[PDB]
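Next up is one chain by itself, shown in structure tokens, the form deposited in one PDB entry.
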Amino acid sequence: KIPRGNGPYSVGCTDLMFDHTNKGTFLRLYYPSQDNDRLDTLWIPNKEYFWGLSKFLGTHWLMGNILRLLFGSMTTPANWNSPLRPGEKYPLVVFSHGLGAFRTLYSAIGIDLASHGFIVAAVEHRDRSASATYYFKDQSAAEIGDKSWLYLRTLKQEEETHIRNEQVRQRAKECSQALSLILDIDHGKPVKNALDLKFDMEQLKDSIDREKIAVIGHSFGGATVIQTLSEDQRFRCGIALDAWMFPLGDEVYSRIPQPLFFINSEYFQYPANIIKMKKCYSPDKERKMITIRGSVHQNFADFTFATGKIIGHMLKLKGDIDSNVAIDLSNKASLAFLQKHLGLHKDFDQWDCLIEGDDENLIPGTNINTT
């Protein structure tokens, strides 16, 4: 079980694709919901994503049918197509997934944020960093549901620097485009969702607190956060969950005026990556860093909840620390940071001590020694 949000609101979920092309925005929306009596949300909703994960693992595509057999019925505790809870303007998080992931696999984070009163737009990147994604070649294909699938690109070592950088720039552009789409929907522009789902997008009119926008992401998504902030000042702060810094150009490090929070796992990080994080620091800039004790890179994604303790620990999906404990720390510390730097009038300042890593399962800053 992926855990329910800890906040006071029920949580809804839906998909939005606009436009229908491979240059369009594709996202999964998690939002405060009126009702709590809808079907839960199917976690990995098409077989092709499992074929995708199989290539990301470097196994035969038959492993995909086995992954699907194991995980293809699993849901996540968000009310599918529930109407939006009205009568309140919600701040917005745009969320970026890791390499080999896709939009649906950080529901534990997305659901928790929504339950505290955020709308979360988990984008699906079309840069070939996703295990899989899809779109429609033209209008005809969109009307009849004829999907075109795009799979993870495997790189030669000679391509790594250049292509990873092309990808993080495209990721940043997709985050800005998703923000613009949501903002245009907030300002009432009618938008025909390329997916025929029974979530009326007109509900989102005048529901976004338009100043209060943040970007959050895991791994490749943590680089995406940083690139996005340097390019798009509409985002007022960023939170990088166990960021993979390699994709970033040397030019970006001095170019992030917004507050930035690094939440790292204990076992993922290494000097080269910490050094790059520390190139983001300047005395004028607001920077914070914490490390979750006993955590691994996968503690931020939903597969940390999808298997039992023994097999999870074997596959590096779980760490020494409990998965619910770990994600509660990351989510609560994120909430306090967002409250601080978006100027929210909620109670998330109860978790301020977590930003300084003041907790027995936290390390202030980093465990990684440099030079």
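In this text, residue numbers run from 1 along the sequence as written.
Only in words, not in the display: the form solved in complex with a small molecule, which the text now covers.
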Do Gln298 and the small molecule share at least one heavy atom pair within 4.5 Å in the deposited bound form?
yes
If you check in the deposited bound form, is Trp80 within 4.5 Å of the small molecule, heavy atoms only?
no
Give a yes or no for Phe71: in the deposited bound form, does one of its heavy atoms lie within 4.5 Å of a heavy atom belonging to the small molecule?
yes
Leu57, heavy atom within 4.5 angstroms of the small molecule in the deposited bound form:
yes
Name the single residue among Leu317, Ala336, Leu29, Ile321 that comes within 4.5 Å of the small molecule in the deposited bound form, judging by heavy atoms.
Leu317
Residue among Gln34, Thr307, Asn65, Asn46 with a heavy atom within 4.5 Å of the small molecule in the deposited bound form
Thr307
Exactly one stretch in 298 to 306, 34 to 42, 324 to 332, 342 to 350 has heavy atoms within 4.5 Å of the small molecule in the deposited bound form; which is it?
298 to 306
